[PDB]
Amino acid sequence: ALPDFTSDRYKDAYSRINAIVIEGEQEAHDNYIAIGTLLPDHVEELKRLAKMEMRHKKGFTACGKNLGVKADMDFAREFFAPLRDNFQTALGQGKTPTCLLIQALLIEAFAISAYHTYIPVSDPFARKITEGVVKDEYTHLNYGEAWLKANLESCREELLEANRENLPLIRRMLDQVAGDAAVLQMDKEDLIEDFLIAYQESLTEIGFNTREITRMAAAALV
Ligand SMILES: CCCCCCCCCCCCCCCCCC(=O)O
Ligand SMILES: [Fe+3]
Ligand SMILES: [Fe+3]
């Protein structure tokens, strides 16, 4: 059953979830612009992807305002810090495959799962905004898949390392958000299932085989 969007219980949980989504979208904008420094010939396309993320950020900010919720931005900045630090380390080292696995694969799959899971339990205003964001996230996943597919033979080992290092951070993020997501009437098992399907499908598209993907998804056990 649909949550009571007006309750103090719902608004409290929404203040943290809404802040996480707003921060995630800002970091996604910043990440695609940063990847433009590593792929100078991709700048115009990366600018278009980054502009989409800012449109998403604005839409999710309006979701919070619509419910009379003040987003807990400090909570959201801490939530992304471990993954943000790994993206910044990779960026500084010029490690384009790791930057793309973090943003274009892991984060886009986590957003797709979160948005798909939220849609059926969302208020009417946020439902339309969320439905209107999901198609773009598939475009972002496709962009990352395409580059990694084209460059797989040169970056195989780096991707296995990036997955080993960062997939457990996504799992920790899922563990951390689960309580508030349950107040929002979202089941953690649906979040995990949708995320693993999106991520496993992206890896298949890139060119990893069933054994490789199984070994990769098992990195979440750390
Ligand atoms: C505010 C309404 C949206 C709420 C959706 C449910 C969110 C629950 C889990 C939060 C996951 C954060 C995903 C990070 C966003 C990544 C953005 C992107 O790369 O485009
Ligand atoms: Fe987005
Ligand atoms: Fe995105």
# chains A, B, ... in the order shown; residues from 1 in each chain; ligands from 1
call {"tool": "residues_near_ligand", "arguments": {"ligand": "ligand 3", "cutoff": "8 Å", "atoms": "only C-alpha atoms and all ligand atoms", "output": "list in words"}}
result
residues 25, 28, 29, 49, 52, 53, 103, 104, 107, 108, 111, 136, 137, 138, 139, 140 and 141 of chain A
call {"tool": "write_last_selection", "arguments": {"atoms": "C-alpha atoms", "output": "CSV table (one decimal), in the first residue's frame"}}
result
chain,number,residue,atom,x,y,z
A,25,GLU,CA,22.7,13.7,-9.7
A,28,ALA,CA,26.9,12.4,-11.9
A,29,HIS,CA,26.9,15.8,-13.7
A,49,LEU,CA,24.9,13.7,-20.5
A,52,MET,CA,20.6,15.6,-18.3
A,53,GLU,CA,21.8,15.0,-14.7
A,103,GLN,CA,29.7,6.3,-12.8
A,104,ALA,CA,28.3,5.0,-16.0
A,107,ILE,CA,25.9,4.3,-10.3
A,108,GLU,CA,23.6,4.3,-13.3
A,111,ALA,CA,19.9,4.8,-10.0
A,136,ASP,CA,18.0,9.1,-19.6
A,137,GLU,CA,19.8,6.7,-17.1
A,138,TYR,CA,19.5,3.9,-19.7
A,139,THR,CA,21.2,6.3,-22.2
A,140,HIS,CA,24.0,6.8,-19.7
A,141,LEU,CA,24.4,3.1,-19.1
call {"tool": "residues_around", "arguments": {"residues": "region 88-97 of chain A", "least_positions_apart": "5", "cutoff": "7 Å", "atoms": "only C-alpha atoms", "output": "PyMOL selection string"}}
result
chain A and resi 35+38+148+155+159
call {"tool": "closest_residue", "arguments": {"among": "A:109, A:54, A:162, A:69", "to": "ligand 2", "atoms": "only C-alpha atoms and all ligand atoms"}}
result
A:54
call {"tool": "residues_around", "arguments": {"residues": "residue 175 (chain A)", "least_positions_apart": "4", "cutoff": "12 Å", "atoms": "only C-alpha atoms", "output": "ChimeraX atom specification"}}
result
/A:79,168-171,179-182,187-189,191-192,220
call {"tool": "atom_distance", "arguments": {"atom1": "CA of residue 4 (chain A)", "atom2": "CA of residue 55 (chain A)"}}
result
27.0 Å
call {"tool": "atom_distance", "arguments": {"atom1": "atom 18 (C, counted along the ligand's line) of ligand 1", "atom2": "CA of residue 151 (chain A)"}}
result
22.7 Å
call {"tool": "atom_distance", "arguments": {"atom1": "CA of residue 19 (chain A)", "atom2": "CA of residue 203 (chain A)"}}
result
29.1 Å
call {"tool": "closest_residue", "arguments": {"among": "A:114, A:173, A:43, A:73", "to": "ligand 2", "atoms": "only C-alpha atoms and all ligand atoms"}}
result
A:114
call {"tool": "residues_around", "arguments": {"residues": "residue 122 (chain A)", "least_positions_apart": "6", "cutoff": "10 Å", "atoms": "only C-alpha atoms", "output": "JSON, numbers by chain"}}
result
{"A": [2, 3, 5, 115, 128, 130, 184, 185, 186]}
call {"tool": "closest_residue", "arguments": {"among": "A:110, A:58, A:17, A:144", "to": "residue 46 (chain A)", "atoms": "only C-alpha atoms"}}
result
A:144
call {"tool": "closest_residue", "arguments": {"among": "A:83, A:177, A:1, A:217", "to": "ligand 1", "atoms": "only C-alpha atoms and all ligand atoms"}}
result
A:177
call {"tool": "closest_residue", "arguments": {"among": "A:164, A:84, A:149, A:57", "to": "ligand 1", "atoms": "only C-alpha atoms and all ligand atoms"}}
result
A:57
call {"tool": "closest_residue", "arguments": {"among": "A:178, A:81, A:197, A:222", "to": "ligand 1", "atoms": "only C-alpha atoms and all ligand atoms"}}
result
A:178
